[PDB]
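2 protein chains.
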Amino acid sequence: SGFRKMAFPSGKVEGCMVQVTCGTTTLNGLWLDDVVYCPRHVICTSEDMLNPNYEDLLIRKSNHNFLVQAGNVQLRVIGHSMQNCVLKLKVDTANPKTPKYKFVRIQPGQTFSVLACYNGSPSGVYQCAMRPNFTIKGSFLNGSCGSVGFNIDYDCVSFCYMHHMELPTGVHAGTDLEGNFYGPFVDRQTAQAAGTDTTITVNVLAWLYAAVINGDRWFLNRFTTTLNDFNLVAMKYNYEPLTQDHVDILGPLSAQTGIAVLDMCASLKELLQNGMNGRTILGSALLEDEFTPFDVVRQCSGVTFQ
Amino acid sequence: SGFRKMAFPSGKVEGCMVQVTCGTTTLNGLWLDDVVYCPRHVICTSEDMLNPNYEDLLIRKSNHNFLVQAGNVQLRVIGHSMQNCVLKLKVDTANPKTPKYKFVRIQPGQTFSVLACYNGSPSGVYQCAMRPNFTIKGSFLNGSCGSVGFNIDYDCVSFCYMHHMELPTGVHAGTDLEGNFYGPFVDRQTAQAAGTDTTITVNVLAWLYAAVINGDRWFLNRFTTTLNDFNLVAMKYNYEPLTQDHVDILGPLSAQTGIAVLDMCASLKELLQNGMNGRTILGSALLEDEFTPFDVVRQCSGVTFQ
Ligand SMILES: CC(C)C[C@H](NC(=O)O[C@@H](C)c1ccccc1)C(=O)N[C@H](CO)C[C@@H]1CCNC1=O
Ligand SMILES: CC(C)C[C@H](NC(=O)O[C@@H](C)c1ccccc1)C(=O)N[C@H](CO)C[C@@H]1CCNC1=O
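This is the structure:
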């Protein structure tokens, strides 16, 4: 028992990080087989970052202007191309540590682990959610770009995020690994507005199931509710609406704990209307919305990877 | 910017996990060079776990009664010995992925990353603190024992914890890698009492420095205080006393942010006396005490490992 914000084991992704330097700018790359993927602003100078024309700037670069370092080893670049907001540097050498992998574009509300890196080396790993407004609440400094977020399925690493920037409020924005930003952001040095952020209702419910599984049951009430009536109250408190697909996704938790989704909705309604009277659920004084139903099952049933 | 509960990159430790099976019981082992370290209750049956005599039970076992599996590969056991609450199984083969490592016994208040494993395979990684009462608030299921907690220094993995059990309230207890328990616990199936748990004051302060570094400054007051007067208020709210060594440890954060330790103590005093008026610090409605000063520096200055 116990419930913690757990990240995926990071080893398979650690073996793929490289450093990419183009002139003065250095950031992280992802080396899979014989291609290094990295953010395109690596070709910028500080002056270029205000108003960059990336197509222009890449025209000036040769393969040899990209210094790619894997540990102490320089990888010879033999080609380069730009795909949306990422660069693909073809290199001499296939990464012998390449895991089975996929590139995925996640949906809002979905979680993933970030391996925060500087100079091609890992600093730490944490778990994040793609927020409804297509930001993530990360921890990233100068030099972190090209860090990636991922999920694992047994042996397959699904890469879903590459880091590109920080937005006025200390939240973060990035791309899938085809270079398309999540949300309406661009890789340009400006304060960019994020949409108002909402709470991920299906994840709050999943976490309430995690609480019940772990014996923290005080918040359960005797009432039930309809999906419609719950989603009204959800609107008022800036909670995403709960769809029938979400109800289906919560099915296995519901059957394991004996508590129908809609009865859990009743309890959450009360929590939103009445707050918590300075009680905690799973050690938290706030309702937590960065565990998906699958995250709850993984942790609470001991799903492993290798 | 941003501040997250980050774990250490887990790869170096992932390469060391093995599965150890003795009859019906299976748990995790740590394979470093030609030795596998694992909890001694692996030699128990369910009946033995109530009242075990481990010396007796190990006498009955041959080297060949220990099935050690690294991935799909069975490692041949060529010797065994018991050191306090851990077994050391000497094996045929040195682990070629053994990192530079040390065994350390951490102090209460210190943090480390846990790599939660089942059947020798990783499930996830999270960060924990050794609580003042020598428990940790982990996430561990049946089969998790032999999972380890660690810190990294550049290239050196300091192993500090091996998991052995769960205590009545969903907290956890374990040993250093010489087999000595943290705290007064034993590896026996009984409800064991943990001391009352207290808050790690130096870590709360460090986290308040992390908040300031990240722009979340509302809680700072104009007052200062003396160490003595602060430690009185700390007693009342079940906070560990702050020593001069702790004040020294916070020195670098204090100099980076311009806020003397004792002035931060003044602000925390107010927080303890007045609570938070439903505000959050770094996204938390509670004062967080599982980041050490070093953890704050690592994250906020981008310290990496490889
Ligand atoms: C797109 C590219 C041209 C630069 C990008 N710009 C950026 O994020 O500008 C932020 C600071 C900003 C500007 C103006 C107004 C408000 C906010 C950038 O620096 N990305 C780094 C890459 O390593 C990661 C950043 C660094 C700090 N924290 C991160 O996550
Ligand atoms: C010492 C050894 C003989 C068994 C040990 N006993 C144990 O923890 O008993 C707990 C359940 C208990 C008993 C009585 C009263 C209150 C609590 C054990 O099972 N350790 C596993 C190992 O994999 C990890 C556990 C499993 C569940 N969560 C964990 O962390």
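Protein sequence lines correspond, in order, to chains A and A'. A prime marks a further copy of an entry chain. Using PDB author numbering, you'd call the opening residue of the first sequence number 1 and step up by one each time. Using PDB author numbering, you'd call the opening residue of the second sequence number 1 and step up by one each time. For every residue, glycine included, the Cβ atom is placed at its ideal position computed from N, Cα and C.
- Under the Cβ distance rule, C117 (chain A') counts among the residues neighbouring chain A, one pair being separated by less than 9 Å.
- Under DSSP, the beta-bridge partners assigned to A7 (chain A) are A':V125.
- If you draw a 10 Å sphere on the C-beta of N142 (chain A), you find fewer than 16 other C-beta atoms in it, and that means exposed.
- Of the heavy atoms belonging to ligand 1, none sits nearer than 8 Å to the Cβ of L227 (chain A).
- Using a 10 angstroms sphere on the CB of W218 (chain A'), the tally of other CB atoms stays under 16, which defines it as exposed.
- Taking CB atoms only, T280 (chain A') has a neighbour in chain A less than 9 Å away.
- With a 10 Å radius around the Cβ and a threshold of 16 neighbouring Cβ atoms, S121 (chain A) comes out buried.
- When only Cα atoms are considered, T93 (chain A) and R60 (chain A) end up about 24 Å apart.
- Membership of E47 (chain A') in any beta strand (DSSP E) is not indicated, and neither H nor E is assigned to it by DSSP.
- Linking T24 (chain A') to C38 (chain A) through their CA atoms gives a straight-line distance of about 48 Å.
- Rounded to whole angstroms, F305 (chain A) and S267 (chain A') show a C-alpha spacing of 45 Å.
- What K5 (chain A') touches in chain A, judged by beta-carbon distance under 7 Å, is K5 and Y126, going in chain order.
- The Cβ of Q299 (chain A) sits closer than 9 Å to at least one Cβ of chain A'.
- From the listed residues A:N228, A:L282, A:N119 and A:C128, the smallest Cα separation to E290 (chain A) is found for A:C128.
- Counting the other Cβ atoms within 10 Å of the Cβ of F223 (chain A') gives fewer than 16, which makes it exposed.
- One Cα belongs to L250 (chain A'), the other to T111 (chain A'), and the distance between them is close to 16 Å.
- Residues of chain A' with a Cβ closer than 8 Å to the Cβ of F305 (chain A) are, in chain order, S121, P122 and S123.
- Taking one beta carbon from each stretch, the region 63 to 79 of chain A and the region 161 to 173 of chain A have fewer than 3 pairs nearer than 8 Å; the two do not touch.
- Comparing alpha carbon positions, the residue from A:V233, A:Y237 and A:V125 closest to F3 (chain A') is A:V125.
- Secondary structure of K236 (chain A) (DSSP, three-state): helix.
- No alpha helix (DSSP H) of 4 residues or more sits fully in the region 75 to 150 of chain A.
- Beta-bridge partners assigned by DSSP to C160 (chain A): none are found.
- The alpha-carbon of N84 (chain A) is positioned some 12 Å away from that of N53 (chain A).
- Residue burial annotation: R279 (chain A) is exposed, with fewer than 16 other C-beta atoms found within 10 angstroms of its C-beta.
- Nearest in C-alpha terms to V20 (chain A), of all of A:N72, A:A194, A:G195 and A:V303, is A:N72.
- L87 (chain A') is positioned such that its CB atom lies no closer than 9 Å to that of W31 (chain A').
- Taking a C-beta distance under 9 Å as the contact criterion, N214 (chain A') and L287 (chain A') do not qualify as a contact pair.
- Among the residues facing chain A, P9 (chain A') is included, as its CB has a counterpart in that chain under 9 Å away.
- Looking at the DSSP output, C22 (chain A) shares a beta bridge with A:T25.
- Counting along the chain, the unbroken alpha helix (DSSP H) around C265 (chain A') starts and ends at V261 to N274.
- Boundaries of the beta strand (DSSP E) around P39 (chain A): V35 to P39.
- Scanning A':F181, A':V36, A':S158 and A':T190 for the CA closest to the CA of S46 (chain A') turns up A':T190.
- Within 7 Å of the CB of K236 (chain A'), no CB atom of chain A is found; the nearest one sits about 18 Å away.
- Per DSSP, the continuous alpha helix (DSSP H) segment holding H246 (chain A') begins and ends at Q244 to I249.
- By the rule that beta-carbons nearer than 9 Å mark a contact, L141 (chain A') touches chain A.
- Here the alpha carbons of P241 (chain A') and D229 (chain A') stand approximately 11 Å from one another.
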